[PDB]
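Q: Input file: structure.cif. Contents: mmCIF, C-alpha atoms and all ligand atoms.
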data_entry
#
loop_
_atom_site.group_PDB
_atom_site.id
_atom_site.type_symbol
_atom_site.label_atom_id
_atom_site.label_comp_id
_atom_site.auth_asym_id
_atom_site.auth_seq_id
_atom_site.Cartn_x
_atom_site.Cartn_y
_atom_site.Cartn_z
ATOM 1 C CA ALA R 4 0.000 0.000 0.000
ATOM 2 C CA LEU R 5 1.031 3.527 -0.923
ATOM 3 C CA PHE R 6 1.108 4.588 2.781
ATOM 4 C CA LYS R 7 3.670 1.840 3.647
ATOM 5 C CA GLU R 8 5.851 3.101 0.800
ATOM 6 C CA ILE R 9 5.931 6.665 2.249
ATOM 7 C CA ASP R 10 5.958 5.802 5.970
ATOM 8 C CA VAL R 11 9.474 4.499 5.437
ATOM 9 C CA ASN R 12 10.460 3.959 9.081
ATOM 10 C CA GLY R 13 7.205 1.980 9.489
ATOM 11 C CA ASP R 14 5.776 3.528 12.662
ATOM 12 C CA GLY R 15 2.282 4.204 11.243
ATOM 13 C CA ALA R 16 2.965 7.899 10.719
ATOM 14 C CA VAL R 17 4.184 9.872 7.765
ATOM 15 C CA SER R 18 6.345 12.836 8.797
ATOM 16 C CA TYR R 19 6.654 15.897 6.574
ATOM 17 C CA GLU R 20 10.305 15.042 5.877
ATOM 18 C CA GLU R 21 9.017 11.644 4.588
ATOM 19 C CA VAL R 22 6.214 12.977 2.391
ATOM 20 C CA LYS R 23 8.771 15.415 1.007
ATOM 21 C CA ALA R 24 11.311 12.618 0.400
ATOM 22 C CA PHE R 25 8.551 10.650 -1.346
ATOM 23 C CA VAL R 26 6.981 13.516 -3.305
ATOM 24 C CA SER R 27 10.373 14.157 -4.807
ATOM 25 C CA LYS R 28 11.382 10.535 -5.562
ATOM 26 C CA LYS R 29 7.945 10.013 -7.184
ATOM 27 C CA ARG R 30 8.723 12.966 -9.548
ATOM 28 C CA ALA R 31 12.287 11.658 -9.867
ATOM 29 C CA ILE R 32 10.885 8.521 -11.428
ATOM 30 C CA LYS R 33 8.505 9.523 -14.243
ATOM 31 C CA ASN R 34 11.587 11.483 -15.335
ATOM 32 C CA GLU R 35 13.693 8.340 -15.559
ATOM 33 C CA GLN R 36 10.681 6.416 -16.863
ATOM 34 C CA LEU R 37 9.747 8.894 -19.575
ATOM 35 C CA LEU R 38 13.315 9.351 -20.796
ATOM 36 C CA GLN R 39 13.848 5.573 -20.892
ATOM 37 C CA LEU R 40 10.713 5.322 -23.024
ATOM 38 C CA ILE R 41 11.923 8.116 -25.305
ATOM 39 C CA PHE R 42 15.272 6.273 -25.469
ATOM 40 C CA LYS R 43 14.099 2.801 -26.435
ATOM 41 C CA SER R 44 11.782 4.568 -28.894
ATOM 42 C CA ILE R 45 14.985 5.590 -30.641
ATOM 43 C CA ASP R 46 17.094 2.484 -30.042
ATOM 44 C CA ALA R 47 15.314 0.172 -32.494
ATOM 45 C CA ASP R 48 17.419 -2.953 -32.005
ATOM 46 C CA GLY R 49 17.164 -2.561 -28.224
ATOM 47 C CA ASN R 50 20.953 -3.191 -28.201
ATOM 48 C CA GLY R 51 21.463 -0.743 -25.325
ATOM 49 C CA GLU R 52 22.795 2.172 -27.323
ATOM 50 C CA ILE R 53 21.859 4.446 -30.221
ATOM 51 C CA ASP R 54 24.086 4.463 -33.298
ATOM 52 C CA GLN R 55 24.153 7.098 -36.007
ATOM 53 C CA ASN R 56 21.505 5.587 -38.250
ATOM 54 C CA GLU R 57 18.923 5.327 -35.506
ATOM 55 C CA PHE R 58 19.665 8.908 -34.378
ATOM 56 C CA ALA R 59 19.552 9.752 -38.087
ATOM 57 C CA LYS R 60 16.015 8.325 -38.476
ATOM 58 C CA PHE R 61 14.685 9.804 -35.219
ATOM 59 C CA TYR R 62 15.325 13.422 -36.336
ATOM 60 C CA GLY R 63 13.863 15.380 -39.261
ATOM 61 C CA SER R 64 10.985 16.015 -41.665
ATOM 62 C CA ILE R 65 9.457 13.131 -43.676
ATOM 63 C CA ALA I 4 13.408 45.877 0.814
ATOM 64 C CA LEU I 5 13.636 43.188 -1.845
ATOM 65 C CA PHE I 6 16.958 44.626 -3.167
ATOM 66 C CA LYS I 7 18.633 44.270 0.288
ATOM 67 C CA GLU I 8 17.512 40.638 0.358
ATOM 68 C CA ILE I 9 19.266 39.883 -2.982
ATOM 69 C CA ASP I 10 22.315 42.149 -2.588
ATOM 70 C CA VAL I 11 23.491 39.762 0.107
ATOM 71 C CA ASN I 12 27.011 41.137 0.616
ATOM 72 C CA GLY I 13 25.417 44.598 1.007
ATOM 73 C CA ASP I 14 27.581 46.693 -1.323
ATOM 74 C CA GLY I 15 24.678 48.303 -3.234
ATOM 75 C CA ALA I 16 25.087 46.014 -6.232
ATOM 76 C CA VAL I 17 23.478 42.760 -7.193
ATOM 77 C CA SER I 18 25.866 40.468 -9.083
ATOM 78 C CA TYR I 19 24.557 37.835 -11.482
ATOM 79 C CA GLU I 20 25.726 35.078 -9.119
ATOM 80 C CA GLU I 21 23.509 36.758 -6.447
ATOM 81 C CA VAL I 22 20.390 37.176 -8.581
ATOM 82 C CA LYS I 23 20.862 33.544 -9.574
ATOM 83 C CA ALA I 24 21.271 32.459 -5.927
ATOM 84 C CA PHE I 25 18.107 34.423 -5.110
ATOM 85 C CA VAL I 26 16.031 33.417 -8.142
ATOM 86 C CA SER I 27 16.588 29.828 -7.152
ATOM 87 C CA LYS I 28 15.972 30.151 -3.381
ATOM 88 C CA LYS I 29 12.763 32.100 -4.164
ATOM 89 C CA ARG I 30 11.561 29.085 -6.256
ATOM 90 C CA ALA I 31 12.942 26.775 -3.560
ATOM 91 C CA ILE I 32 10.473 28.292 -1.142
ATOM 92 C CA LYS I 33 7.002 28.207 -2.736
ATOM 93 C CA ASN I 34 7.926 24.527 -3.109
ATOM 94 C CA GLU I 35 8.390 24.107 0.629
ATOM 95 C CA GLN I 36 5.477 26.473 1.254
ATOM 96 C CA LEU I 37 3.037 24.756 -1.083
ATOM 97 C CA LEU I 38 3.896 21.255 0.116
ATOM 98 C CA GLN I 39 3.575 22.342 3.761
ATOM 99 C CA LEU I 40 0.124 23.689 2.913
ATOM 100 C CA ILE I 41 -0.807 20.457 1.135
ATOM 101 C CA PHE I 42 0.523 18.607 4.209
ATOM 102 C CA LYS I 43 -1.370 20.397 6.960
ATOM 103 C CA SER I 44 -4.403 20.139 4.663
ATOM 104 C CA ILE I 45 -4.099 16.409 5.258
ATOM 105 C CA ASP I 46 -2.932 16.401 8.875
ATOM 106 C CA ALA I 47 -6.239 17.401 10.486
ATOM 107 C CA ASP I 48 -5.168 17.347 14.131
ATOM 108 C CA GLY I 49 -2.043 19.346 13.269
ATOM 109 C CA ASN I 50 -0.163 16.769 15.409
ATOM 110 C CA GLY I 51 2.869 16.887 13.103
ATOM 111 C CA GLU I 52 2.255 13.661 11.236
ATOM 112 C CA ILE I 53 -0.370 11.932 9.102
ATOM 113 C CA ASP I 54 -1.832 8.651 10.340
ATOM 114 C CA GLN I 55 -3.735 6.120 8.276
ATOM 115 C CA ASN I 56 -7.200 7.555 8.781
ATOM 116 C CA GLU I 57 -6.236 11.027 7.650
ATOM 117 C CA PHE I 58 -4.411 9.601 4.604
ATOM 118 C CA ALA I 59 -7.497 7.412 4.190
ATOM 119 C CA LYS I 60 -9.837 10.447 4.050
ATOM 120 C CA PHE I 61 -7.559 12.539 1.814
ATOM 121 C CA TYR I 62 -7.685 10.005 -1.069
ATOM 122 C CA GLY I 63 -10.646 8.784 -3.133
ATOM 123 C CA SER I 64 -14.075 9.436 -4.646
ATOM 124 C CA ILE I 65 -16.956 10.710 -2.461
ATOM 125 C CA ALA T 4 27.227 17.573 -35.146
ATOM 126 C CA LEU T 5 24.725 17.112 -32.338
ATOM 127 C CA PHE T 6 25.506 13.345 -32.116
ATOM 128 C CA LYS T 7 29.245 14.029 -31.467
ATOM 129 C CA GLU T 8 28.235 16.385 -28.660
ATOM 130 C CA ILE T 9 26.202 13.637 -26.892
ATOM 131 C CA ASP T 10 28.410 10.631 -27.715
ATOM 132 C CA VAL T 11 30.972 12.120 -25.357
ATOM 133 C CA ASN T 12 33.398 9.183 -25.191
ATOM 134 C CA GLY T 13 33.382 9.176 -29.022
ATOM 135 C CA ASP T 14 32.804 5.486 -29.766
ATOM 136 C CA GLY T 15 29.913 6.017 -32.223
ATOM 137 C CA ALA T 16 27.272 5.081 -29.666
ATOM 138 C CA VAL T 17 25.189 7.113 -27.292
ATOM 139 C CA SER T 18 24.501 5.268 -24.029
ATOM 140 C CA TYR T 19 21.438 6.074 -21.938
ATOM 141 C CA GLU T 20 23.665 7.548 -19.214
ATOM 142 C CA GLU T 21 25.020 9.919 -21.937
ATOM 143 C CA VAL T 22 21.667 10.981 -23.383
ATOM 144 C CA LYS T 23 20.574 11.586 -19.801
ATOM 145 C CA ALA T 24 23.726 13.619 -19.039
ATOM 146 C CA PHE T 25 23.061 15.620 -22.215
ATOM 147 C CA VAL T 26 19.289 16.010 -21.845
ATOM 148 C CA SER T 27 19.925 17.568 -18.478
ATOM 149 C CA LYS T 28 22.849 19.861 -19.427
ATOM 150 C CA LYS T 29 20.803 21.070 -22.438
ATOM 151 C CA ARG T 30 18.003 22.111 -19.990
ATOM 152 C CA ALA T 31 20.682 23.416 -17.617
ATOM 153 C CA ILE T 32 21.669 25.911 -20.271
ATOM 154 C CA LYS T 33 18.525 27.722 -21.466
ATOM 155 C CA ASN T 34 18.183 28.331 -17.719
ATOM 156 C CA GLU T 35 21.531 30.099 -17.545
ATOM 157 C CA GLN T 36 20.887 31.650 -20.959
ATOM 158 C CA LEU T 37 17.420 32.964 -20.172
ATOM 159 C CA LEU T 38 18.401 34.366 -16.781
ATOM 160 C CA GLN T 39 21.472 36.062 -18.286
ATOM 161 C CA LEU T 40 19.165 37.664 -20.845
ATOM 162 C CA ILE T 41 16.741 38.753 -18.122
ATOM 163 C CA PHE T 42 19.776 40.106 -16.227
ATOM 164 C CA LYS T 43 21.379 42.231 -18.924
ATOM 165 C CA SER T 44 17.841 43.419 -19.706
ATOM 166 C CA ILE T 45 17.993 45.017 -16.274
ATOM 167 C CA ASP T 46 21.656 46.026 -16.167
ATOM 168 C CA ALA T 47 21.459 48.940 -18.616
ATOM 169 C CA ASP T 48 25.090 50.055 -18.511
ATOM 170 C CA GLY T 49 26.236 46.446 -18.926
ATOM 171 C CA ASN T 50 28.663 47.197 -16.046
ATOM 172 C CA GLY T 51 28.282 43.672 -14.646
ATOM 173 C CA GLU T 52 25.947 44.473 -11.789
ATOM 174 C CA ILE T 53 22.555 46.038 -11.090
ATOM 175 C CA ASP T 54 22.407 49.114 -8.865
ATOM 176 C CA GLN T 55 19.337 50.498 -7.149
ATOM 177 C CA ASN T 56 18.180 52.779 -9.939
ATOM 178 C CA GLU T 57 18.190 50.054 -12.555
ATOM 179 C CA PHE T 58 16.351 47.680 -10.183
ATOM 180 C CA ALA T 59 14.118 50.672 -9.444
ATOM 181 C CA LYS T 60 13.212 51.122 -13.143
ATOM 182 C CA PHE T 61 12.772 47.397 -13.848
ATOM 183 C CA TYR T 62 9.920 47.022 -11.303
ATOM 184 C CA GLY T 63 6.484 48.668 -11.211
ATOM 185 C CA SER T 64 3.530 50.190 -13.064
ATOM 186 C CA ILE T 65 4.076 52.972 -15.644
HETATM 187 BA BA BA R 101 7.242 7.517 10.073
HETATM 188 BA BA BA R 102 13.069 -0.684 -29.179
HETATM 189 BA BA BA R 103 20.967 0.427 -31.436
HETATM 190 BA BA BA R 104 26.684 42.622 -4.041
HETATM 191 BA BA BA R 105 -4.699 21.160 9.974
HETATM 192 BA BA BA R 106 -2.406 13.604 12.491
HETATM 193 BA BA BA R 107 29.486 6.402 -26.172
HETATM 194 BA BA BA R 108 22.327 45.988 -21.317
HETATM 195 BA BA BA R 109 24.609 48.650 -13.807
#
Have the structure of the file written as structure tokens, please.
A:
Amino acid sequence: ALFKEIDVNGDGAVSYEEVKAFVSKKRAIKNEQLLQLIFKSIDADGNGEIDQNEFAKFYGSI
Amino acid sequence: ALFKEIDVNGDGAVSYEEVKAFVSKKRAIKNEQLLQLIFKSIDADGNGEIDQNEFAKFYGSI
Amino acid sequence: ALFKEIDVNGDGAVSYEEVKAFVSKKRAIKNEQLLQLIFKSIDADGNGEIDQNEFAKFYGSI
């Protein structure tokens, strides 16, 4: 449950400092998750890296 | 006065480095201030922490 | 070329870690570049710093 994720110390309470620590790491993730998506959207062969011809395709008109 | 806040060293000038340091800490505050607001909006008893039943209320439909 | 900027190590590939490092430093720049613009927009004499009377002008109605 979401509460148990935030209430890190596990004492049934969520301190401000904890909410804050969560609120941020939540945001910190759809960043990593979006970028990853954007990435693999470019890396076609899922080989781990983008070469010139993938980067080439990705950009431009038509 | 706002100028005296930014011109930290107090020499009548505001360097870029200072504006920058201010511009950021200004932003750094409505973050803390908004979240705090959001927080105490959830913590009903203002006891310092949110328990399950407050978190319970906060979320959901109806 | 943009690719050579990102592919820092210069091995023809762009790792995620690199894209990420780029994506951020790109963003990190229009920040510095916008603020600088805003700054020199205030510093009229381009002397390096804003005095009271420039800051005075900058603010307000009429
Ligand atoms: Ba706790
Ligand atoms: Ba893929
Ligand atoms: Ba590839
Ligand atoms: Ba100064
Ligand atoms: Ba309250
Ligand atoms: Ba409470
Ligand atoms: Ba590389
Ligand atoms: Ba100027
Ligand atoms: Ba000046």
Q: Give as JSON, numbers by chain every residue, naming chains and numbers as the document does, that has an atom within 12 Å of (18.6, 42.4, -17.1), counting all atoms listed in the file.
A: {"I": [17, 18, 19, 22, 23], "T": [36, 37, 38, 39, 40, 41, 42, 43, 44, 45, 46, 47, 48, 49, 50, 51, 52, 53, 54, 57, 58, 60, 61, 62]}
Q: Starting from chain R, keep only residues with some atom at most 12 Å from an atom of chain I, counting all atoms listed in the file, and report them as a count of residues only.
A: 21
Q: Between atom CA of residue 8 of chain I and atom CA of residue 28 of chain I, what distance in Å does the model show, to one decimal?
A: 11.2 Å
Q: Have a look at atom BA of ligand BA 102 (chain R) and atom CA of residue 56 of chain R and let me know their distance in Å, one decimal.
A: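 Going from atom BA of ligand BA 102 (chain R) over to atom CA of residue 56 of chain R covers 13.9 Å.
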Q: Using atom CA of residue 30 of chain R and atom CA of residue 29 of chain T as the two end points, give the distance in Å to one decimal.
A: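 Spanning atom CA of residue 30 of chain R to atom CA of residue 29 of chain T is a straight-line distance of 19.4 Å.
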Q: What would segment 33-44 of chain I look like with N, CA, C and O atoms restored, written as a PDB file, in the frame of the given file?
A:
ATOM      1  N   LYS I  33       8.431  28.485  -2.522  1.00  0.00           N
ATOM      2  CA  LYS I  33       7.002  28.207  -2.736  1.00  0.00           C
ATOM      3  C   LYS I  33       6.812  26.708  -2.906  1.00  0.00           C
ATOM      4  O   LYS I  33       5.703  26.217  -2.764  1.00  0.00           O
ATOM      5  N   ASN I  34       7.907  25.990  -3.166  1.00  0.00           N
ATOM      6  CA  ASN I  34       7.926  24.527  -3.109  1.00  0.00           C
ATOM      7  C   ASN I  34       7.680  24.036  -1.691  1.00  0.00           C
ATOM      8  O   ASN I  34       6.685  23.345  -1.419  1.00  0.00           O
ATOM      9  N   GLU I  35       8.584  24.396  -0.787  1.00  0.00           N
ATOM     10  CA  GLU I  35       8.390  24.107   0.629  1.00  0.00           C
ATOM     11  C   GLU I  35       7.055  24.660   1.164  1.00  0.00           C
ATOM     12  O   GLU I  35       6.353  23.988   1.924  1.00  0.00           O
ATOM     13  N   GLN I  36       6.691  25.864   0.751  1.00  0.00           N
ATOM     14  CA  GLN I  36       5.477  26.473   1.254  1.00  0.00           C
ATOM     15  C   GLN I  36       4.195  25.832   0.729  1.00  0.00           C
ATOM     16  O   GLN I  36       3.205  25.721   1.454  1.00  0.00           O
ATOM     17  N   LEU I  37       4.209  25.397  -0.522  1.00  0.00           N
ATOM     18  CA  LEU I  37       3.037  24.756  -1.083  1.00  0.00           C
ATOM     19  C   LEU I  37       2.845  23.393  -0.450  1.00  0.00           C
ATOM     20  O   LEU I  37       1.739  23.055  -0.008  1.00  0.00           O
ATOM     21  N   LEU I  38       3.928  22.615  -0.421  1.00  0.00           N
ATOM     22  CA  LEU I  38       3.896  21.255   0.116  1.00  0.00           C
ATOM     23  C   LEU I  38       3.433  21.258   1.557  1.00  0.00           C
ATOM     24  O   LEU I  38       2.564  20.465   1.918  1.00  0.00           O
ATOM     25  N   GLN I  39       4.004  22.158   2.365  1.00  0.00           N
ATOM     26  CA  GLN I  39       3.575  22.342   3.761  1.00  0.00           C
ATOM     27  C   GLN I  39       2.073  22.543   3.865  1.00  0.00           C
ATOM     28  O   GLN I  39       1.400  21.899   4.688  1.00  0.00           O
ATOM     29  N   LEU I  40       1.558  23.408   2.995  1.00  0.00           N
ATOM     30  CA  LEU I  40       0.124  23.689   2.913  1.00  0.00           C
ATOM     31  C   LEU I  40      -0.638  22.397   2.606  1.00  0.00           C
ATOM     32  O   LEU I  40      -1.550  22.009   3.353  1.00  0.00           O
ATOM     33  N   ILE I  41      -0.240  21.737   1.516  1.00  0.00           N
ATOM     34  CA  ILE I  41      -0.807  20.457   1.135  1.00  0.00           C
ATOM     35  C   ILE I  41      -0.787  19.506   2.358  1.00  0.00           C
ATOM     36  O   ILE I  41      -1.787  18.843   2.660  1.00  0.00           O
ATOM     37  N   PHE I  42       0.340  19.486   3.074  1.00  0.00           N
ATOM     38  CA  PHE I  42       0.523  18.607   4.209  1.00  0.00           C
ATOM     39  C   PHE I  42      -0.518  18.868   5.281  1.00  0.00           C
ATOM     40  O   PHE I  42      -1.348  18.004   5.584  1.00  0.00           O
ATOM     41  N   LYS I  43      -0.462  20.056   5.869  1.00  0.00           N
ATOM     42  CA  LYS I  43      -1.370  20.397   6.960  1.00  0.00           C
ATOM     43  C   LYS I  43      -2.847  20.316   6.544  1.00  0.00           C
ATOM     44  O   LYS I  43      -3.741  20.192   7.387  1.00  0.00           O
ATOM     45  N   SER I  44      -3.083  20.370   5.235  1.00  0.00           N
ATOM     46  CA  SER I  44      -4.403  20.139   4.663  1.00  0.00           C
ATOM     47  C   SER I  44      -4.825  18.692   4.885  1.00  0.00           C
ATOM     48  O   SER I  44      -6.017  18.375   4.920  1.00  0.00           O
TER      49      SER I  44
END
